[PDB]
Amino acid sequence: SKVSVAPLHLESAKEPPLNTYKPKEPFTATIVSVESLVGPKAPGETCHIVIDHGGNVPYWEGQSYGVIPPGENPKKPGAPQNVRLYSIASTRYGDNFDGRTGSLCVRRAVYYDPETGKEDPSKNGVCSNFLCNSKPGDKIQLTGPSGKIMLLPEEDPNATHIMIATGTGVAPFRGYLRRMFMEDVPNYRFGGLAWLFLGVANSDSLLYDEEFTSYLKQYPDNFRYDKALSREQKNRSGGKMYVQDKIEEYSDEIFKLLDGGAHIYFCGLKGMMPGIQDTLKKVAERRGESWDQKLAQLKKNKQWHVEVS
Ligand SMILES: Cc1cc2nc3c(=O)[nH]c(=O)nc-3n(C[C@H](O)[C@H](O)[C@H](O)COP(=O)(O)OP(=O)(O)OC[C@H]3O[C@@H](n4cnc5c(N)ncnc54)[C@H](O)[C@@H]3O)c2cc1C
Ligand SMILES: NC(=O)c1ccc[n+]([C@@H]2O[C@H](COP(=O)([O-])OP(=O)(O)OC[C@H]3O[C@@H](n4cnc5c(N)ncnc54)[C@H](OP(=O)(O)O)[C@@H]3O)[C@@H](O)[C@H]2O)c1
Ligand SMILES: [Mg+2]
């Protein structure tokens, strides 16, 4: 059954925490663990980082933490590095169910020369590699939390939530789904439909697949899960199979859910949104509907939630 979480007072706040810690005085958190989430055929390493904030930096699902990697800002000598934001991949209780830790899902940004394929570590992403190189006991300068776009609307505990993720964009949805299905949260008993669409390069690049597959077996009437493996599958037009192609496979069901009030969420690569828009426009046209008018209504009704970068 559902996992006991503590402390219940994390349910008491009526507003999300925002900017509890600021860049000039970050919170010095401590790494609990770092593990790779991916197999040897993944095009790069994505890691899961558990950070002990001690209950000092609580957050709500869908928010981000800022991380200030060590060193000086290259474009401002004597200045600290700029904050990098990471969508929190844990619930407010965290992976130890105690309100003391939060987790990040971090893709290492690695530079390869486009001609020779030669790596150049000096051009690798600073914060992503800092995080995935971290070890238990290391310190992390945390800021935030921040963000409200991806807060989970809980007013209707039987709402429908359609979650579209590419890569580490799955992060907020891991938190949503743990709150919906895994944790014993007495004041939020989810009885709606949660539908996760996840796009990753191949099977080895799947993130948290065992957890999501477990929800299919535990909550078959409340959870659906579809994957787009871009380098393992092709769409009906011959392109790499992307999440928008999976959305198209369920176009009638998704449109009906949207018409019925479903929330739809997009997180991950900003480049997926033009493709999604094109697909939804095409679906709508085949149904004799205007996607522009439908999207305008979804936005007006606060059903449309996008955080991509
Ligand atoms: C709200 C929000 C949430 C986010 N959530 C997540 C998340 O959950 N997980 C996640 O992985 N990311 C997420 N990101 C992205 C994250 O904030 C960082 O931008 C990302 O990790 C890269 O930061 P970095 O410090 O590693 O790279 P940076 O050091 O900022 O470098 C940026 C890029 O430039 C490249 N680069 C550097 N120097 C050169 C050069 N000379 N020539 C060519 N290229 C170069 C690097 O390889 C890298 O790809 C999020 C972003 C936002 C805005
Ligand atoms: N809140 C936020 O804003 C937030 C949170 C988390 C992550 N992010 C961002 O989300 C991105 C996740 O990237 P990642 O490195 O984890 O993923 P990735 O491996 O680069 O891509 C994930 C999947 O998306 C596919 N993809 C590429 N272009 C696409 C398109 N135009 N439409 C649909 N799918 C497409 C990729 O396929 P191919 O590579 O095979 O084309 C891959 O299968 C990062 O840029 C990260 O910074 C943002
Ligand atoms: Mg795997």
# chains A, B, ... in the order shown; residues from 1 in each chain; ligands from 1
call {"tool": "residues_around", "arguments": {"residues": "stretch 32-42 of chain A", "least_positions_apart": "3", "cutoff": "7 Å", "atoms": "only C-alpha atoms", "output": "ChimeraX atom specification"}}
result
/A:45-52,132,134-137,202,204-207
call {"tool": "write_last_selection", "arguments": {"atoms": "C-alpha atoms", "output": "mmCIF file, in the first residue's frame"}}
result
data_model
loop_
_atom_site.group_PDB
_atom_site.id
_atom_site.type_symbol
_atom_site.label_atom_id
_atom_site.label_comp_id
_atom_site.auth_asym_id
_atom_site.auth_seq_id
_atom_site.Cartn_x
_atom_site.Cartn_y
_atom_site.Cartn_z
ATOM 1 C CA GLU A 45 24.921 9.961 -18.666
ATOM 2 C CA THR A 46 21.890 11.132 -16.739
ATOM 3 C CA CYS A 47 22.261 10.874 -12.991
ATOM 4 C CA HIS A 48 19.949 10.950 -10.000
ATOM 5 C CA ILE A 49 21.262 13.186 -7.218
ATOM 6 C CA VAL A 50 19.828 13.067 -3.696
ATOM 7 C CA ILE A 51 20.497 16.259 -1.718
ATOM 8 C CA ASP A 52 19.989 16.635 2.037
ATOM 9 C CA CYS A 132 27.010 14.092 -11.636
ATOM 10 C CA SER A 134 29.488 14.644 -6.790
ATOM 11 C CA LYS A 135 29.950 12.119 -4.017
ATOM 12 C CA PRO A 136 28.244 11.572 -0.661
ATOM 13 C CA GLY A 137 29.235 14.296 1.764
ATOM 14 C CA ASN A 202 16.565 4.250 -26.480
ATOM 15 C CA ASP A 204 19.040 2.287 -22.046
ATOM 16 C CA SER A 205 18.085 5.972 -21.769
ATOM 17 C CA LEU A 206 14.841 5.345 -19.903
ATOM 18 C CA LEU A 207 14.536 7.227 -16.636
#
call {"tool": "select_by_dssp", "arguments": {"residues": "stretch 74-175 of chain A", "states": "helix (DSSP H, G or I)", "output": "number ranges by chain"}}
result
A: 121-123, 126-132, 167-175
call {"tool": "write_last_selection", "arguments": {"atoms": "N, CA, C and O atoms", "output": "short mmCIF file (atom, residue, chain, number, x, y, z; two decimals), in the first residue's frame"}}
result
data_model
loop_
_atom_site.label_atom_id
_atom_site.label_comp_id
_atom_site.auth_asym_id
_atom_site.auth_seq_id
_atom_site.Cartn_x
_atom_site.Cartn_y
_atom_site.Cartn_z
N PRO A 121 36.83 18.58 -22.57
CA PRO A 121 36.24 18.78 -21.24
C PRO A 121 36.11 20.23 -20.83
O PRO A 121 35.24 20.55 -20.01
N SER A 122 36.94 21.12 -21.37
CA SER A 122 36.83 22.54 -21.03
C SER A 122 35.53 23.17 -21.53
O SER A 122 35.15 24.24 -21.06
N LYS A 123 34.86 22.53 -22.47
CA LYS A 123 33.60 23.03 -22.99
C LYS A 123 32.42 22.25 -22.47
O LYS A 123 31.30 22.46 -22.92
N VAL A 126 29.30 23.13 -16.83
CA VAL A 126 29.91 23.21 -15.50
C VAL A 126 29.02 22.53 -14.45
O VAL A 126 29.48 21.64 -13.72
N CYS A 127 27.77 22.97 -14.33
CA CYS A 127 26.97 22.53 -13.19
C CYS A 127 26.52 21.10 -13.37
O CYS A 127 26.47 20.34 -12.39
N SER A 128 26.18 20.69 -14.59
CA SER A 128 25.69 19.33 -14.77
C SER A 128 26.77 18.32 -14.44
O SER A 128 26.52 17.32 -13.78
N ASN A 129 28.00 18.58 -14.89
CA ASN A 129 29.08 17.66 -14.55
C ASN A 129 29.48 17.75 -13.08
O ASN A 129 29.78 16.74 -12.46
N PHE A 130 29.45 18.96 -12.52
CA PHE A 130 29.69 19.11 -11.09
C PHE A 130 28.75 18.22 -10.30
O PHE A 130 29.16 17.50 -9.38
N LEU A 131 27.48 18.26 -10.65
CA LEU A 131 26.49 17.45 -9.95
C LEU A 131 26.72 15.97 -10.17
O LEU A 131 26.79 15.20 -9.21
N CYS A 132 26.86 15.53 -11.43
CA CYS A 132 27.01 14.09 -11.64
C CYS A 132 28.36 13.56 -11.17
O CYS A 132 28.50 12.35 -11.00
N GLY A 167 13.38 13.32 -22.06
CA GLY A 167 14.60 13.22 -21.26
C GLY A 167 14.36 13.60 -19.82
O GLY A 167 13.36 13.22 -19.20
N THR A 168 15.28 14.40 -19.28
CA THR A 168 15.18 14.85 -17.90
C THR A 168 13.97 15.72 -17.64
O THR A 168 13.68 16.01 -16.47
N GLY A 169 13.23 16.13 -18.68
CA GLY A 169 11.93 16.74 -18.46
C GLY A 169 10.97 15.85 -17.69
O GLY A 169 9.92 16.34 -17.24
N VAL A 170 11.28 14.57 -17.54
CA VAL A 170 10.44 13.71 -16.72
C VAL A 170 10.46 14.11 -15.25
O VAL A 170 9.59 13.71 -14.49
N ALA A 171 11.46 14.88 -14.83
CA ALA A 171 11.68 15.19 -13.42
C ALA A 171 10.43 15.58 -12.64
O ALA A 171 10.11 14.93 -11.64
N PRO A 172 9.70 16.64 -13.02
CA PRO A 172 8.53 17.01 -12.21
C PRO A 172 7.52 15.90 -12.15
O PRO A 172 6.81 15.78 -11.16
N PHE A 173 7.43 15.10 -13.21
CA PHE A 173 6.40 14.08 -13.26
C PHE A 173 6.72 12.92 -12.35
O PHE A 173 5.80 12.28 -11.83
N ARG A 174 7.99 12.65 -12.11
CA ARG A 174 8.32 11.67 -11.08
C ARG A 174 7.74 12.11 -9.75
O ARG A 174 7.18 11.30 -9.00
N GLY A 175 7.85 13.40 -9.44
CA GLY A 175 7.28 13.91 -8.21
C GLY A 175 5.77 13.88 -8.21
O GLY A 175 5.16 13.44 -7.23
#
call {"tool": "residues_near_ligand", "arguments": {"ligand": "ligand 2", "cutoff": "8 Å", "atoms": "only C-alpha atoms and all ligand atoms", "output": "MDAnalysis selection string"}}
result
chainID A and resid 43:44 46 64 85:87 105:109 166:172 199:202 205 228:231 240:244 267:276 307:309
call {"tool": "closest_residue", "arguments": {"among": "A:210, A:184, A:156, A:138", "to": "ligand 3", "atoms": "only C-alpha atoms and all ligand atoms"}}
result
A:210
call {"tool": "closest_residue", "arguments": {"among": "A:263, A:227, A:178, A:246", "to": "residue A:161", "atoms": "only C-alpha atoms"}}
result
A:263
call {"tool": "closest_residue", "arguments": {"among": "A:203, A:20, A:277, A:290", "to": "ligand 3", "atoms": "only C-alpha atoms and all ligand atoms"}}
result
A:203
call {"tool": "residues_around", "arguments": {"residues": "residue A:9", "least_positions_apart": "6", "cutoff": "12 Å", "atoms": "only C-alpha atoms", "output": "list in words"}}
result
residues 55, 58, 92, 93, 98, 99, 185, 186 and 187 of chain A
